Amino acid sequence: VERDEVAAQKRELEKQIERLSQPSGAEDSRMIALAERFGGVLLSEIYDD
Amino acid sequence: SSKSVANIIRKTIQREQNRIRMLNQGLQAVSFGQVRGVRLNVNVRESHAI
């Protein structure tokens, strides 16, 4: 039980880490295709710096 | 990291193509002998695109 609880916490941590990964950490699940399919740029990336 | 490398290569290629296309506009309609225009053709090699 302790191992499974720790594993759930772990999985949440890696999911959170991944969500910030690429191309610039955002809702990249579909934001990617939604972004390159149209000649636009992510606002968060625009304000990246 | 590999995905990021690929994306940055693609972005740089697009930017350079845009810049070269912009520069190309100034050489339109240059009359030299039978020559009437000059272009810098930029392309992505298939052997590297794949």
# chains A, B, ... in the order shown; residues from 1 in each chain; ligands from 1
call {"tool": "interface_residues", "arguments": {"of": "chain A", "to": "chain B", "cutoff": "10 Å", "atoms": "only C-alpha atoms", "output": "compact mmCIF listing (two decimals) with N, CA and C atoms, in the first residue's frame"}}
result
# COMPACT_ATOMS: atom_id res chain seq x y z
N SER A 21 7.41 20.51 -20.72
CA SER A 21 8.61 20.12 -21.46
C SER A 21 8.73 20.85 -22.79
N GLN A 22 7.80 20.61 -23.71
CA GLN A 22 7.95 21.02 -25.10
C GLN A 22 6.64 21.55 -25.64
N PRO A 23 6.68 22.36 -26.71
CA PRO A 23 7.91 22.94 -27.27
C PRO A 23 8.39 24.04 -26.33
N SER A 24 7.41 24.77 -25.82
CA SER A 24 7.55 25.57 -24.61
C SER A 24 6.45 25.11 -23.67
call {"tool": "residues_around", "arguments": {"residues": "residue B:17", "least_positions_apart": "3", "cutoff": "10 Å", "atoms": "only C-alpha atoms", "output": "compact mmCIF listing (two decimals) with N, CA, C and O atoms, in the first residue's frame"}}
result
# COMPACT_ATOMS: atom_id res chain seq x y z
N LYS B 11 13.08 25.17 -37.31
CA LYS B 11 12.82 26.59 -37.14
C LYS B 11 13.91 27.43 -37.80
O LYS B 11 13.63 28.42 -38.47
N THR B 12 15.17 27.04 -37.60
CA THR B 12 16.27 27.78 -38.22
C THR B 12 16.19 27.70 -39.73
O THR B 12 16.44 28.69 -40.43
N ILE B 13 15.85 26.52 -40.27
CA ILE B 13 15.72 26.39 -41.72
C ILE B 13 14.64 27.31 -42.25
O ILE B 13 14.82 27.99 -43.27
N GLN B 14 13.49 27.34 -41.57
CA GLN B 14 12.41 28.21 -42.02
C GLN B 14 12.83 29.67 -41.98
O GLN B 14 12.56 30.44 -42.91
N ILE B 20 16.31 34.63 -47.00
CA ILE B 20 16.84 34.58 -48.36
C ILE B 20 15.77 35.00 -49.35
O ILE B 20 16.05 35.72 -50.32
N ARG B 21 14.52 34.58 -49.14
CA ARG B 21 13.45 35.00 -50.03
C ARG B 21 13.27 36.51 -49.98
O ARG B 21 13.03 37.15 -51.01
N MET B 22 13.37 37.09 -48.79
CA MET B 22 13.29 38.54 -48.67
C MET B 22 14.39 39.21 -49.47
O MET B 22 14.14 40.12 -50.26
N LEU B 23 15.64 38.77 -49.27
CA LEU B 23 16.75 39.37 -50.00
C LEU B 23 16.56 39.25 -51.50
O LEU B 23 16.92 40.15 -52.26
N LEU B 40 18.33 33.10 -55.53
CA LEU B 40 19.03 32.14 -54.69
C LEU B 40 18.02 31.08 -54.27
O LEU B 40 17.21 31.32 -53.37
N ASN B 41 18.06 29.92 -54.91
CA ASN B 41 17.14 28.84 -54.61
C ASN B 41 17.65 28.07 -53.40
O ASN B 41 18.79 27.58 -53.41
N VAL B 42 16.82 27.98 -52.37
CA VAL B 42 17.15 27.27 -51.14
C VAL B 42 16.17 26.12 -50.99
O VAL B 42 14.96 26.30 -51.18
N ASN B 43 16.68 24.94 -50.66
CA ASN B 43 15.83 23.76 -50.52
C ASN B 43 16.38 22.87 -49.42
O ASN B 43 17.53 23.00 -49.00
N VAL B 44 15.54 21.96 -48.95
CA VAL B 44 15.91 20.98 -47.93
C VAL B 44 16.17 19.66 -48.63
O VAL B 44 15.27 19.10 -49.28
call {"tool": "atom_distance", "arguments": {"atom1": "atom CA of residue A:29", "atom2": "atom CA of residue A:16"}}
result
12.7 Å
call {"tool": "select_by_dssp", "arguments": {"residues": "chain A", "states": "alpha helix (DSSP H)", "output": "PDB file with C-alpha atoms, in the first residue's frame"}}
result
ATOM      1  CA  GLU A   2       2.770   2.458   0.831  1.00  0.00           C
ATOM      2  CA  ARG A   3       4.561   1.515  -2.394  1.00  0.00           C
ATOM      3  CA  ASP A   4       1.455   2.117  -4.507  1.00  0.00           C
ATOM      4  CA  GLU A   5       0.787   5.455  -2.798  1.00  0.00           C
ATOM      5  CA  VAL A   6       4.363   6.568  -3.451  1.00  0.00           C
ATOM      6  CA  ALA A   7       4.067   5.362  -7.051  1.00  0.00           C
ATOM      7  CA  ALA A   8       0.919   7.435  -7.573  1.00  0.00           C
ATOM      8  CA  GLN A   9       2.689  10.506  -6.202  1.00  0.00           C
ATOM      9  CA  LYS A  10       5.637   9.726  -8.468  1.00  0.00           C
ATOM     10  CA  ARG A  11       3.483   9.376 -11.579  1.00  0.00           C
ATOM     11  CA  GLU A  12       1.814  12.693 -10.836  1.00  0.00           C
ATOM     12  CA  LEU A  13       5.258  14.270 -10.514  1.00  0.00           C
ATOM     13  CA  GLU A  14       6.519  12.996 -13.873  1.00  0.00           C
ATOM     14  CA  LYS A  15       3.269  13.999 -15.582  1.00  0.00           C
ATOM     15  CA  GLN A  16       3.634  17.521 -14.185  1.00  0.00           C
ATOM     16  CA  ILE A  17       7.290  17.627 -15.250  1.00  0.00           C
ATOM     17  CA  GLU A  18       6.423  16.504 -18.780  1.00  0.00           C
ATOM     18  CA  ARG A  19       3.606  19.037 -19.099  1.00  0.00           C
ATOM     19  CA  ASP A  28       1.267  20.759 -25.762  1.00  0.00           C
ATOM     20  CA  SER A  29      -0.995  17.687 -26.031  1.00  0.00           C
ATOM     21  CA  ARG A  30      -2.929  19.356 -28.855  1.00  0.00           C
ATOM     22  CA  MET A  31      -1.514  22.890 -28.663  1.00  0.00           C
ATOM     23  CA  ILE A  32       1.290  21.657 -30.931  1.00  0.00           C
ATOM     24  CA  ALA A  33      -0.874  20.690 -33.899  1.00  0.00           C
ATOM     25  CA  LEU A  34      -3.139  23.657 -33.168  1.00  0.00           C
ATOM     26  CA  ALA A  35      -0.018  25.862 -33.424  1.00  0.00           C
ATOM     27  CA  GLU A  36       1.890  24.656 -36.488  1.00  0.00           C
ATOM     28  CA  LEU A  43       1.578  33.386 -26.849  1.00  0.00           C
ATOM     29  CA  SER A  44       3.476  31.833 -23.941  1.00  0.00           C
ATOM     30  CA  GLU A  45       6.470  31.326 -26.229  1.00  0.00           C
ATOM     31  CA  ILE A  46       6.034  34.899 -27.465  1.00  0.00           C
TER      32      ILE A  46
END
call {"tool": "atom_distance", "arguments": {"atom1": "atom CA of residue B:10", "atom2": "atom CA of residue B:49"}}
result
9.5 Å
call {"tool": "atom_distance", "arguments": {"atom1": "atom CA of residue B:37", "atom2": "atom CA of residue B:25"}}
result
10.0 Å
call {"tool": "decode", "arguments": {"residues": "stretch 28-41 of chain A", "atoms": "N, CA, C and O atoms", "output": "PDB file, in the first residue's frame"}}
result
ATOM      1  N   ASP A  28       0.701  21.240 -24.509  1.00  0.00           N
ATOM      2  CA  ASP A  28       1.267  20.759 -25.762  1.00  0.00           C
ATOM      3  C   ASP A  28       0.599  19.496 -26.287  1.00  0.00           C
ATOM      4  O   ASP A  28       0.958  19.049 -27.383  1.00  0.00           O
ATOM      5  N   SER A  29      -0.346  18.905 -25.552  1.00  0.00           N
ATOM      6  CA  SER A  29      -0.995  17.687 -26.031  1.00  0.00           C
ATOM      7  C   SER A  29      -1.600  17.900 -27.412  1.00  0.00           C
ATOM      8  O   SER A  29      -1.334  17.135 -28.346  1.00  0.00           O
ATOM      9  N   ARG A  30      -2.422  18.940 -27.558  1.00  0.00           N
ATOM     10  CA  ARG A  30      -2.929  19.356 -28.855  1.00  0.00           C
ATOM     11  C   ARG A  30      -2.476  20.747 -29.256  1.00  0.00           C
ATOM     12  O   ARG A  30      -2.580  21.092 -30.438  1.00  0.00           O
ATOM     13  N   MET A  31      -1.967  21.550 -28.317  1.00  0.00           N
ATOM     14  CA  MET A  31      -1.514  22.890 -28.663  1.00  0.00           C
ATOM     15  C   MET A  31      -0.482  22.855 -29.779  1.00  0.00           C
ATOM     16  O   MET A  31      -0.394  23.800 -30.570  1.00  0.00           O
ATOM     17  N   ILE A  32       0.301  21.783 -29.866  1.00  0.00           N
ATOM     18  CA  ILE A  32       1.290  21.657 -30.931  1.00  0.00           C
ATOM     19  C   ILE A  32       0.578  21.751 -32.272  1.00  0.00           C
ATOM     20  O   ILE A  32       0.670  22.768 -32.968  1.00  0.00           O
ATOM     21  N   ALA A  33      -0.199  20.717 -32.607  1.00  0.00           N
ATOM     22  CA  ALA A  33      -0.874  20.690 -33.899  1.00  0.00           C
ATOM     23  C   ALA A  33      -1.692  21.954 -34.115  1.00  0.00           C
ATOM     24  O   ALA A  33      -1.674  22.539 -35.206  1.00  0.00           O
ATOM     25  N   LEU A  34      -2.387  22.414 -33.073  1.00  0.00           N
ATOM     26  CA  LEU A  34      -3.139  23.657 -33.168  1.00  0.00           C
ATOM     27  C   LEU A  34      -2.245  24.845 -33.500  1.00  0.00           C
ATOM     28  O   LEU A  34      -2.740  25.855 -34.012  1.00  0.00           O
ATOM     29  N   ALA A  35      -0.941  24.749 -33.225  1.00  0.00           N
ATOM     30  CA  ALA A  35      -0.018  25.862 -33.424  1.00  0.00           C
ATOM     31  C   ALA A  35       0.663  25.824 -34.789  1.00  0.00           C
ATOM     32  O   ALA A  35       0.668  26.830 -35.503  1.00  0.00           O
ATOM     33  N   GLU A  36       1.252  24.687 -35.168  1.00  0.00           N
ATOM     34  CA  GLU A  36       1.890  24.656 -36.488  1.00  0.00           C
ATOM     35  C   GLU A  36       0.877  24.521 -37.623  1.00  0.00           C
ATOM     36  O   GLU A  36       1.155  24.974 -38.740  1.00  0.00           O
ATOM     37  N   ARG A  37      -0.285  23.909 -37.382  1.00  0.00           N
ATOM     38  CA  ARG A  37      -1.269  23.807 -38.455  1.00  0.00           C
ATOM     39  C   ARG A  37      -1.662  25.180 -38.981  1.00  0.00           C
ATOM     40  O   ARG A  37      -2.006  25.317 -40.160  1.00  0.00           O
ATOM     41  N   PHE A  38      -1.619  26.201 -38.130  1.00  0.00           N
ATOM     42  CA  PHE A  38      -1.891  27.576 -38.525  1.00  0.00           C
ATOM     43  C   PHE A  38      -0.616  28.399 -38.406  1.00  0.00           C
ATOM     44  O   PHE A  38       0.219  28.146 -37.533  1.00  0.00           O
ATOM     45  N   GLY A  39      -0.468  29.385 -39.285  1.00  0.00           N
ATOM     46  CA  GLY A  39       0.729  30.199 -39.301  1.00  0.00           C
ATOM     47  C   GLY A  39       0.807  31.147 -38.123  1.00  0.00           C
ATOM     48  O   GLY A  39       0.896  32.366 -38.301  1.00  0.00           O
ATOM     49  N   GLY A  40       0.775  30.593 -36.910  1.00  0.00           N
ATOM     50  CA  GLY A  40       0.813  31.385 -35.697  1.00  0.00           C
ATOM     51  C   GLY A  40       1.905  30.902 -34.758  1.00  0.00           C
ATOM     52  O   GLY A  40       2.633  29.953 -35.052  1.00  0.00           O
ATOM     53  N   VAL A  41       1.996  31.585 -33.620  1.00  0.00           N
ATOM     54  CA  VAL A  41       3.005  31.301 -32.608  1.00  0.00           C
ATOM     55  C   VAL A  41       2.336  31.288 -31.242  1.00  0.00           C
ATOM     56  O   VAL A  41       1.401  32.054 -30.989  1.00  0.00           O
TER      57      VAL A  41
END
